[PDB]
Amino acid sequence: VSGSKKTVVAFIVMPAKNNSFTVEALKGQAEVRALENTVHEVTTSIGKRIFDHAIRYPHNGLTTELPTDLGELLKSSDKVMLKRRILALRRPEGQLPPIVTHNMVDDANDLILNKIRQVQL
Amino acid sequence: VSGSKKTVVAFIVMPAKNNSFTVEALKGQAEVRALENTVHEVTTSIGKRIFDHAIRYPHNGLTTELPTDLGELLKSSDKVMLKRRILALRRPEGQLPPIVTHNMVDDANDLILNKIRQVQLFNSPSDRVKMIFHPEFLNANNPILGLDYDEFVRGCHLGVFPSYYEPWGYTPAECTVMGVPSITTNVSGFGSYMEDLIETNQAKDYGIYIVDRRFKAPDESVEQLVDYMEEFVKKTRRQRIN
Amino acid sequence: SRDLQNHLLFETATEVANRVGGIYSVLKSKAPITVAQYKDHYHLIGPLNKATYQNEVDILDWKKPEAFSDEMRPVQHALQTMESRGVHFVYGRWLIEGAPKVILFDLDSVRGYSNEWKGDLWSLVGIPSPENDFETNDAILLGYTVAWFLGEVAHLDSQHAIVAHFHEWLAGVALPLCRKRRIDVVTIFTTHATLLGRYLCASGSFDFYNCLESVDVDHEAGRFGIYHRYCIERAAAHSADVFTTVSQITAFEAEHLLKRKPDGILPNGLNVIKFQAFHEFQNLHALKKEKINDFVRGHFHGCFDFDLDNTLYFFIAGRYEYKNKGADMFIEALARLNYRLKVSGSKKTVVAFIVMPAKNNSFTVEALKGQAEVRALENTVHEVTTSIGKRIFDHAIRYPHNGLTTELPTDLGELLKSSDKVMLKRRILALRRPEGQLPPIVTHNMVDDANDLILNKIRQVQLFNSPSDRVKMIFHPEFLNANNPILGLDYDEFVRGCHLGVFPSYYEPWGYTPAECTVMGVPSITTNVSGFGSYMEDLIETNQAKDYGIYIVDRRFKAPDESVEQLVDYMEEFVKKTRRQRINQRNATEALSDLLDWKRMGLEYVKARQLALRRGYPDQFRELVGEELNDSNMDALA
Ligand SMILES: O=P(O)(O)OC[C@H]1O[C@H](O)[C@H](O)[C@@H](O)[C@@H]1O
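Residues numbered from 1 in each chain as written, not as in the entry; some residues may be left out. Chains lettered and ligands numbered in written order. Part of a larger assembly, values for the part shown. Heavy atoms only, no water.

Looking at the method and resolution fields of the entry, one finds X-ray crystallography and 2.80 Å.

Chain C is annotated in the PDB entry as PROTEIN (Glycogen [starch] synthase isoform 2) of Saccharomyces cerevisiae. On record in UniProt, under Catalytic activity, the comment for chain C is "[(1->4)-alpha-D-glucosyl](n) + UDP-alpha-D-glucose = [(1->4)-alpha-D-glucosyl](n+1) + UDP + H(+)". Its UniProt record, at the heading Pathway, says of chain C: "Glycan biosynthesis; glycogen biosynthesis." (UniProt positions renumbered as here; feature names shortened; annotations may be inferred.)

Looking at the PDB entry, chain B carries the name PROTEIN (Glycogen [starch] synthase isoform 2), with the source organism given as Saccharomyces cerevisiae.

**Student:** Quick one: what's the story with the site of the ligand, residue by residue and with numbers?
**Tutor:** Residues and elements named next belong to chain C. In the neighbourhood of the ligand, the contacting residues comprise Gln282, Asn283, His285, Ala286, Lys289, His499, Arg579, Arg582 and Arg586. Take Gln282: an N or O atom from its side chain is 3.2 Å from an oxygen atom of the ligand. Within the side chain of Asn283, a nitrogen or oxygen atom sits 3.5 Å from an oxygen atom of the ligand. Taken together, the elements giving at least two residues each to the shell around the ligand come down to α12 (280-299) and α22 (579-592). At five residues, the largest contribution of residues to the shell around the ligand is made by α12. Taken together, the residues of the shell around the ligand sort by class into one nonpolar, four polar and four charged. (Near = heavy atom within 4 Å. Polar contact = N/O pair within 3.5 Å; in protein donor to acceptor, adjacent residues only side chain to side chain. Helix = DSSP H or I, 4+ residues; strand = E, 2+ residues; numbered from the N terminus. Nonpolar A, V, L, I, M, F, W, Y, C, P; charged D, E, K, R; others polar.)

**Student:** Which residues make up the sheet that holds strand β6 (residues 182-185) of chain B, and what are the values?
**Tutor:** Adjacent strands of a sheet pair through backbone hydrogen bonds, lying either parallel or antiparallel. All names here are of chain B. With respect to topology, three strands assemble into an open sheet ordered β5-β6-β7, the strand pairing being parallel. Both outer strands of the open sheet, β5 (159-160) and β7 (208-211), are each paired with one neighbouring strand and no more. Two strands pair when backbone bridges link them, and β6 and β7 are joined in this way by four bridges, in the parallel orientation. Note on β7: the bridge partner recorded for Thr185 is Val211. The sheet contacts of helix α9 (residues 218-233) involve β5, β6 and β7, and relative to β7 the element is tilted by about 160 degrees. (Pairing = 2+ DSSP bridges. Contact = heavy atoms within 4.5 Å. Axes fitted to C-alpha atoms, helices over the stretch in contact; angles between N-to-C directions.)

**Student:** Give me the lowdown on the domain arrangement of chain C, citing residues and values where you can.
**Tutor:** As far as domains go, chain C holds domain 1 (1-269 + 598-638), domain 2 (270-361 + 452-597) and domain 3 (362-451). Relative to domain 3 of chain C, the C-alpha centre of domain 1 of chain C lies at a distance of 62 Å. (Domains from an automatic or database assignment.)

**Student:** Got a sec to walk through the interface of chain B and chain A? Specific residues and values, please.
**Tutor:** Where interface size is given, it is often the accessible area lost as the parts come together that is meant. Every contact between the two is made by 24 residues of chain B and, on the other side, 25 residues of chain A. Each partner contributes to the roughly 2,200 Å² buried at the junction of chain B and chain A, and carbon and sulfur atoms together form 86% of this total. Where chain B touches chain A, the interface holds one salt bridge. Here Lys83 of chain A ties to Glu65 of chain B by a salt bridge, and the two come within 3.8 Å at their closest N and O atoms. Here chain B and chain A share zero residue pairs in polar contact between them. Of all the secondary structure elements, the ones that give two or more residues to the side of chain B that touches chain A are α1 (23-56), α2 (70-73) and α3 (76-88) of chain B. Per-element tally for the side of chain B that touches chain A: the top contributor is α1 of chain B, with 11 residues. Class assignment of the residues belonging to the side of chain B that touches chain A gives a composition of 16 nonpolar, three polar and five charged. (Buried area = accessible area lost by both parts, 1.4 Å probe. Salt bridge = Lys/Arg side-chain N within 4 Å of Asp/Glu carboxyl O.)

**Student:** Go over the pattern of salt bridges, please, and point to the residues and values.
**Tutor:** Note on pairing: side chains with opposite charge can pair once their charged atoms come close. All names here are of chain C. Across all of its chains, the model carries 54 salt bridges over all chains by this definition. As a salt-bridge pair, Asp184 and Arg2 come within 2.7 Å of each other at their nearest N and O atoms. Pair noted here: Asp184 is in the loop between α6 (174-180) and β7 (186-191) and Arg2 is in the segment before β1 (9-13), with a separation of 182 residues, a long-range link. Residue class for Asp184 comes out partly exposed when judged on its relative accessible area of 33%. A salt bridge links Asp394 to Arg398; its shortest N-O distance comes to 3.7 Å. Of this pair, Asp394 and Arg398 both sit in helix α14 (residues 365-398), separated by four residues, roughly a single helical turn. Under the relative-accessibility criterion, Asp394 is labelled partly exposed at 37%. (Buried < 20%, exposed > 50% of the residue type's maximum accessible area, 1.4 Å probe, protein only.)

Pasting the structure below:
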């Protein structure tokens, strides 16, 4: 209502009977860990090109001190793996981030989970 | 003359009387090193930005899956220290990269420097051959070239040792044991010893070049050496590897 | 008068626009080698996939007078004649290396003429055609159109001898039409399998290679609901001027089942792209193999008692076809290998991978948890070493003052604190696993675990990854892909990382798998009933072959149990090799890659295209050569 732009993530941390984490939980942290690693590869490549322009100025045609055009730093090869990482992060149409991180032994009967569904968060 | 794209940085490693490295030489490294460190810092930031964009797509109005404009990634805070490091590398108008790396004692009457001065390989841009005289022995805790001698050799492409007096010639030999081609002469022990094992036709192909300093005049020899260097320089990478 | 020195070429196939099966890859990868000899003479014909045709085809306007050269004008006017009647058709370039000109015919713009053609076909060659079989329906439409087009081109062009090549029964209908209509082109038909072949081997109870010589084809085709289709494949083989399969073993199968001995073999090439430096693929191997080590460390957490410098990776891969791709022999042979390795007291370990897609519910909790528990150990070791580095540095820098007697530290204690020890122990404790539990034999939750062939076989021979086993098993029922959270390698990457491919096929007209494996410089086991083994047998003395990393199992003249034993013999011959031996062997197998390139396999397509010319016009041929050369083979011809 107040059109706020802030966001509250609320954690409930109360031991309840479970069969450990879910696949979605683990799978998600891994797909992000992979985006991370790919980005870090791409940026050291980017660095090598920035360093070249820098060390070479103002010589072989280089008119400006720094690169001025992303295509000079991000090559086709790099664009492709980033795009694949992103695609791996995408979730099935209309699926939402779960309200629970674990597989619950008796989930239909849990008090927390029942309360949350009633209020529809 | 042949309009060659190739460049040749030639090193000369022969201990002479000196007072350690020129201040310019040590500064040059520290300056380039400091650029490197700045570039890492900048690419770390770029990374956080690529990542944010990628984790967020297609939300918050990110139309494309990747950034497309350099401005999204490279901020002006980054542009500014990068430019400060780039200015520091600047060398005063007309001044050229040295032909030596140490402060010599009796620089004037040095035989090497004088011959280089005579031929005028002063490291100017149009010179397709550059020249670096390093009047000390290679060792891995040199501030400038932290390499042991053997490491340096594996690094290079061609060893050139046109000896007139060389009973054995351990130098083109350690070079050869490490897979680097070598130019030697027929008045050197190694060169003769090798003249025996392969007929000079095939010796070129095994990366052992032998200059004729016996049945040719001094100038036919220099001309042969140069012949060799050019035949080499004409090589493709795939052929150097072979 | 026509020219045998300068001719057209029309390669027709159902997969020209679109990827369906192996054929797409073959035609694609072969494009370069062909345009480099035909340019705009060469053409590819096929049906249109309206739902995808734009991702593949740059759509050229075929009307403007520069689209075709002068001698290739007939084709343009023959294209006109098709637009007269209403025959809609995309023309353009295939967005692929070699960019060949591709004629694509829309099927829908003829669907009406269905009945007349079904009928005309029934009376010429006798081929029935139910309405519900949508494949043959499409296949008839196509064959009739392509026979039309090829007719007009023989009308107009009067300088070039026309040669048309058809691939697989689906695109073969045109072939009878060209013999009845007596049209002036020379036909080639390449079959990449046989219908009755794939079908007689489906159950897997039939003794194929011994009883096909005595099969009643019409009877079997009928038993399978296949009669109409079989007739097309048969008509194509008999109508074609030249008739070819993709391998010796399929030639056998084809002569007794399609009732015509094939004029030649046309093995499938690859587009082998070499690295600047020969030894590069060797570096790739050790990088890729590192990613595998990471998967393995994770997988065997809390149960990791062998040494990765001393373990080898075997793998099988392909469609989940338990019996035809030899998944049974493979598992069986591994259980036998496990015994032979325990008994000889070797300290080597083999980790065997099965990569065959099966219905599943993605990765298990156990698989993902382990990669992460290991990954957490990794991160913590990284924090500790940074600390250690601070303390070593503080030593070096201040020696020999403040009572530092030694150049370096001597007590591990003064480098490794106790906050450090607590951390590392905690991560180790996470890595423990329930007492009794072994590393699993599968990375996924399977839909129907209890009834799964591959898994049941593993449980039968009891390979359960117990510490004492020297052969470990890992079923990964999914295509490898670099965004898997677990084995983050694309397929080709995984291969380079492995040591040995094992593909004991029973029915495999080509087997792209071991061929592709060979091109990455990886040794592989194959069989003599596999089209790639059968092609390799003939190029290399079988004892010299093992030295090039190509082991060939006999599935034809040995007893079943003898085949398994031979398989174990090879596997075990390989495990015995030393690292220097394995390296040298890969270099050798890498060297063989040239013999699998199109630059060498395309010289068989040539030998084919020129048996169709020595047969079409023997008069113009003997003259335009020098003398008369035997013409019963593509072989005897040169
Ligand atoms: O994986 P292996 O067969 O034991 O081979 C291990 C070897 O692989 C490649 O050749 C690497 O370049 C070598 O440095 C490594 O020693």
